[PDB]
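Given next, in structure tokens, is a single chain: the form deposited in one PDB entry.
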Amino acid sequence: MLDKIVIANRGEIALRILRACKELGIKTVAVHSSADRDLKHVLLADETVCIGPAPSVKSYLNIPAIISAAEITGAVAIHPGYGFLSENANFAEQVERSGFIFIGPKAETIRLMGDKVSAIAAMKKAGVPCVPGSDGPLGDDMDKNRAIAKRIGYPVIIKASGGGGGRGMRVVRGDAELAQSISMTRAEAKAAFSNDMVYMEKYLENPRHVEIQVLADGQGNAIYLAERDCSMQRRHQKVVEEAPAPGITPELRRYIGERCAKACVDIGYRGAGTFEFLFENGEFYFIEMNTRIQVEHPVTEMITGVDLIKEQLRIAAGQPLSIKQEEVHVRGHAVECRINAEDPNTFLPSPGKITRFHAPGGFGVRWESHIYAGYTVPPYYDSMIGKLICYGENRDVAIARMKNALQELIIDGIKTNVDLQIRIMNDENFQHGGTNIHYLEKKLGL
């Protein structure tokens, strides 16, 4: 078991990682910006290192400072959490080069999944169903590009290979817009990622966003841990996630899960991972893979009983997976509401000092947050300050518990999305289940 790790993150996920470390007897090093001195996990950590000023570029994205903190404390590993450097292959490369364990896959694997074109090619080869597409980068020959779009059939979507999570993409519905749409996506990709490579896919009009959780060790074991429905979103930002996905049969789960686990074996995957799919008309279509542990990981934990962060740490230490596939069983239902410090009218981050705080409790209620009474939410980082996760024997009980929990949650002094989350729980279409990726924005528009 790893002696000491650097938690290379902040907020709720850093606290999540800290708890996992404490359970396994792993010493904690909390690296933090000067604005994050009073973070809950920082105050609970065995050792603390201030790695720079408030802006992320000089703290949480500061590669030399994070590695130096690992060096000075005698830490053996670095957990990147999600966001920041978690998908940075060069960082993972430098970490291993410096002699520390990167809690994640090999840098080569991160690089592969960050290249959406090569990732799709690897998945298609492995037998994972993908979106009908160009199967390769688009060139400058517009006669060829029109032929590809005709073969696929309009509408199509142009996507940046260096993009992801809905960054750098646009829908094309006819030949007249194809040239300009390709050029613009290319230009945006060059400006944002220093990679102008773009590809084409059949545009699915009303899919659900369904993703498969995987775990793979260094002993050759690779398992799938059911799916998550992440369709309740606004402008490429998840709002509510749930597990399992409504309407997904054990047969479908088995079908797509086995294909994801087989892909892990083929590519030599290691650690936690997420296969993102579009789900439409009872069919799965792979779009991208995430190599990090994700925001919405707790819903998977509730329905399987598997502590995913602890599995990450065990894998990194050289231990096999604590569970086999036949030991993985979907039981009950979990819903996650992301709690954001945001203005209800603009959806812009709303930082400030929390004057009164109270967390919900009870059977099946899980609260994941660093916030406390007197805590100031800084303006420099993401708006998400907490996660409320509710579990039940069925979906209806999970939703009922969420409604009760949201009503107990008090966060005064700052503006939050608690009222919005309550509106979503009370939404008849959500209560029926199976709403698509576009539902929330349509609801808010009406």
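When you see a residue number, it is the position in the sequence shown, counting from 1.
- Omission of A191 is seen in a third or more of the other entries compared for this protein where the adjacent residues are built.
- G166, though modelled here, lacks coordinates in at least a third of the other entries of this protein that were compared and that model residues flanking it.
- If you average the C-alpha B-factors over 208-216 and over 181-189, the higher value belongs to 181-189.
- Look at the C-alpha B-factors of 254-262 and of 168-176. On average they run higher in 168-176.
- Residue-level inspection of the entry shows that, of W367, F84, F363, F347, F347 has the top Cα B-factor.
- Looking at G305, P80, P298, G114, the one whose CA carries the top B-factor in the deposited record is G114.
- Sort the chain's modelled residues by C-alpha temperature factor and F284 lands in the highest third, per the entry.
- Placement of the Cα temperature factor of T73 within the chain: lowest third of the modelled residues, per the deposited record.
- Sort the modelled residues of the chain by CA B factor and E428 lands in the highest third.
- When all modelled residues of the chain are sorted by CA temperature factor, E96 is found within the highest third.
- Ranked against the other modelled residues of its chain, the C-alpha B-factor of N221 as given in the entry falls in the highest third.
Here the subject shifts to the form deposited in another entry, a form of this protein not shown in this document.
- Hinge residue for the rigid-part rotation between the shown form and the other one, picked from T304, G104, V131, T416: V131.
- Relative to the shown form, the Cα atoms of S194 and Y60 move apart by 3 Å or more in that other deposited form.
- In that other deposited form, the CA atoms of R259 and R151 come closer by at least 3 angstroms compared with the shown structure.
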